[PDB]
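Heads up: the protein sequence lines correspond to chains A and B, in order. For the first sequence, position 112 matches number 112 in the numbering used here, and the numbering has no gaps at all. For the second sequence, position 50 matches number 1050 in the numbering used here, and the numbering has no gaps at all. Beta carbons: idealized from backbone N, C-alpha and C, even for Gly.
There are 2 protein chains.
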Amino acid sequence: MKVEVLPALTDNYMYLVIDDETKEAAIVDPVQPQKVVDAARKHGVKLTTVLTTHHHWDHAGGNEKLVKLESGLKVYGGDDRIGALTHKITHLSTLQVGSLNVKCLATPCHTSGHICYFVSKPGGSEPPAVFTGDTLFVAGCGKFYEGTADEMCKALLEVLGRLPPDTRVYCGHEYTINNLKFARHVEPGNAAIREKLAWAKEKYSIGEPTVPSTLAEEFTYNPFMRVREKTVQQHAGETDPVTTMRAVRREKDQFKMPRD
Amino acid sequence: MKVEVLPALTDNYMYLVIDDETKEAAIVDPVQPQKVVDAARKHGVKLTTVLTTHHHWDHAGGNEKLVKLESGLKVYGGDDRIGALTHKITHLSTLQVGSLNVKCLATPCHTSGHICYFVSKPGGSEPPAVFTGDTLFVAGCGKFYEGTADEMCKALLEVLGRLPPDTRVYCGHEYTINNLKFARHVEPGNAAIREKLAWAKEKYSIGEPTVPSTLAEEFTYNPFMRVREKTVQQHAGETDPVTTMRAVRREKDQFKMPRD
Ligand SMILES: C[As](C)(=O)[O-]
Ligand SMILES: C[As](C)(=O)[O-]
Ligand SMILES: [Cl-]
Ligand SMILES: [Mn+2]
Ligand SMILES: [Mn+2]
Ligand SMILES: [Zn+2]
Ligand SMILES: [Zn+2]
Ligand SMILES: [Zn+2]
Ligand SMILES: [Zn+2]
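Here's what the structure looks like:
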């Protein structure tokens, strides 16, 4: 398996997921289709599938066009608002990309139709990948536009959180630095935050993406993934993960980003 | 002048403003009219005037019924939505209640037609009074249902804020304890807040209203009146009173009240 990170718009990431065995590939959130087709040509792969994390235009807005550029494409998504949708899927739906196995995980909150795609190589020895759209970011999470703190708690801790720790996290946007500046405010004594921020500033400095991260890593520095930790709860002044989730999300929403 | 505080509903306050000379009186926000009538009868005074701070039902909801219980009433307000008006007033409108002088102050924000009433007796042998409805509370302010942070800033610091410091503040509700618990969170090092909170808790215990406060006191413990203070701005992460106002109000809107 190969995952090529493709920057789009201002801070979006599209992901070309390649099956080495068959050369078949899937494209996650193809908002800039010519860019997808170029990457597909560059890697010599055959694009057969579109995996849409949610209906927000910055993620699904290129589906109509890509389908006119490439025939035969199967467009997956868990929301009728997604353009050019061909295969409406739900929690635990599965599909294959060549030899790769894709498991659809419903993570409603950011949007009610949000789907994260867990991709693995059956029998393989390579770590799997999870495409988390605007549900889980590196050190952050999406705003709760169509959902509650309870829903995000379930998405992050019970659905994504139970995937293997070595799962690579490929999220919707390049928000890592700001996410970590917020994480640093929530837990000033947490060194994993501070070192991941040093690392992200350096990547930013040289024009390289901060994805992927791993789930084990998110449990060390992402305040939303750490709503069960006593340090995060005490910062919020709560004693359960759902109310801590609600408080930390509201806090992040009004947080003024420091310049360093 | 004599101001009789009259509790109504669950935490509302109506105010019978008595001119001890002519034995004439005005009533502020007469939501429970029969209660008003008994009060006027207990104090041997003739009700002549109704002063309405704003159209919300818990303030203006008894106007039509009061006019039906009492004839010849003059009913003032600065908003067409107020029932039973006889006189529509605006910023700086003046009127008299017996020997008392009344000055209308427009404080749009909570509602667009909100009016605060400044009452004084000529040849100041006693402190004036300001009836602030849902604009200024003891240690708090009203939600910005029909206006902006700029508007509340003006209403509080420039329109009310510039009245004599000894002016008594008679607000629409008994929200003092909760207001100060939020204030304490904004400024944990402010002794005036913790002292007023302890006092408010005791007044609540013996069934005594926390009104009136004075404008001078409000400047020592009300976060909304203190948006020019470095401590409040630091809490909000801002450096100007208007953005501080916006941030502090948004925060209070979603603040979880602690048990003590
Ligand atoms: C803030 As969005 C439009 O990337 O869900
Ligand atoms: C919350 As209200 C109805 O007293 O403006
Ligand atoms: Cl805060
Ligand atoms: Mn904070
Ligand atoms: Mn706060
Ligand atoms: Zn989105
Ligand atoms: Zn997005
Ligand atoms: Zn009101
Ligand atoms: Zn009210």
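Counting every other CB atom within 10 Å of its CB across the protein chains shown gives A/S213 a total of 16 or more, marking it as buried. For A/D58, the CB contacts under 7 Å within the same chain, skipping 5 residues up- and downstream, are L9, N12 and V31 in chain order.
The segment 1229-1248 of chain B and the segment 219-239 of chain A do not touch, with fewer than three beta-carbon pairs separated by less than 8 Å. B/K1035 and A/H185 have their C-alpha atoms roughly 52 Å apart. Following the DSSP letters along the chain, one finds B/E1004 inside the beta strand (DSSP E) bounded by residues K1002 to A1008.
The beta carbon of A/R249 sits no closer than 8 Å to any beta carbon of chain B.
Runs of the alpha helix (DSSP H) lying entirely within the segment 1041-1129 of chain B, each at least 4 residues long, are 1057-1060 and 1063-1069 in chain order. Taking all protein chains shown into account, B/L1092 has fewer than 16 neighbouring C-beta atoms within 10 Å of its C-beta and is therefore exposed.
Here DSSP, grouped into helix, strand and coil, assigns B/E1251 to helix.
Using a cutoff of 7 Å, the CB of A/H55 does not count as near ligand 1, since none of the ligand's heavy atoms is closer than that. For the 8 Å CB-CB criterion, A/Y145 and A/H110 form a contact.
Shown here is that no member of the segment 216-233 of chain A has a Cβ falling below 9 Å from a Cβ of chain B. Residue pairing by DSSP puts B/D1019 in a beta bridge opposite B/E1024. For the C-beta of A/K256, the chain B residues within less than 9 Å are, from N- to C-terminus, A1236, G1237, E1238 and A1247. Judged by DSSP secondary structure, B/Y1175 falls outside any alpha helix (DSSP H); it is assigned neither H nor E. The C-beta separation of A/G83 from A/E64 comes to about 5 Å, placing the pair in contact by the 8 Å criterion. Separation of the CB atoms of B/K1074 and B/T1086 is rounded to 5 Å, and the pair is thereby assigned contact status at 8 Å. Exposed is the label assigned to B/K1023, since fewer than 16 other Cβ atoms lie within 10 Å of its Cβ.
The count of Cβ pairs closer than 8 Å, one atom from the segment 159-176 of chain A and one from the segment 206-223 of chain A, reaches three, so the stretches are in contact. A/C141 has A/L136 as its beta-bridge partners, per DSSP. For B/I1206, there is no enclosing alpha helix (DSSP H), since its DSSP letter is neither H nor E.
Judged by DSSP in its simplified three-state form, A/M225 adopts coil rather than helix or strand. Beta-bridge annotation (DSSP): A/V169 is paired with A/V130 and A/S213. Excluding residues up to 5 positions away in sequence, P1223 and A1236 lie with their Cβ nearer than 6 Å to the Cβ of B/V1248 in the same chain.
Nearest C-alpha to A/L157 among A/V17, A/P108, A/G44 and A/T94: A/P108. Annotation: A/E21 to A/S99 spans about 7 Å, alpha carbon to alpha carbon. Taking C-alpha positions only, B/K1088 is separated from B/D1079 by approximately 7 Å. In the three-state reduction of the DSSP assignment, B/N1179 falls in the helix class. Within the DSSP bridge table, the entry for B/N1012 names B/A1008 and B/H1173 as partners.
Spanning the alpha carbons of A/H43 and B/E1151 requires a straight line of approximately 58 Å. Taking all protein chains in view, the Cβ of B/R1259 is surrounded by fewer than 16 other Cβ atoms within 10 Å, so the residue is classified as exposed.
Here B/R1246 is buried. Its C-beta has 16 or more other C-beta atoms within 10 Å.
At a threshold of 7 Å, A/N12 counts as near ligand 7, since its beta carbon sits closer than that to one of the ligand's heavy atoms. The nearest non-hydrogen atom of ligand 5 is 7 Å or more from the C-beta of A/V232. Counting along the chain, B/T1231 sits inside the alpha helix (DSSP H) bounded by residues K1230 to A1236.
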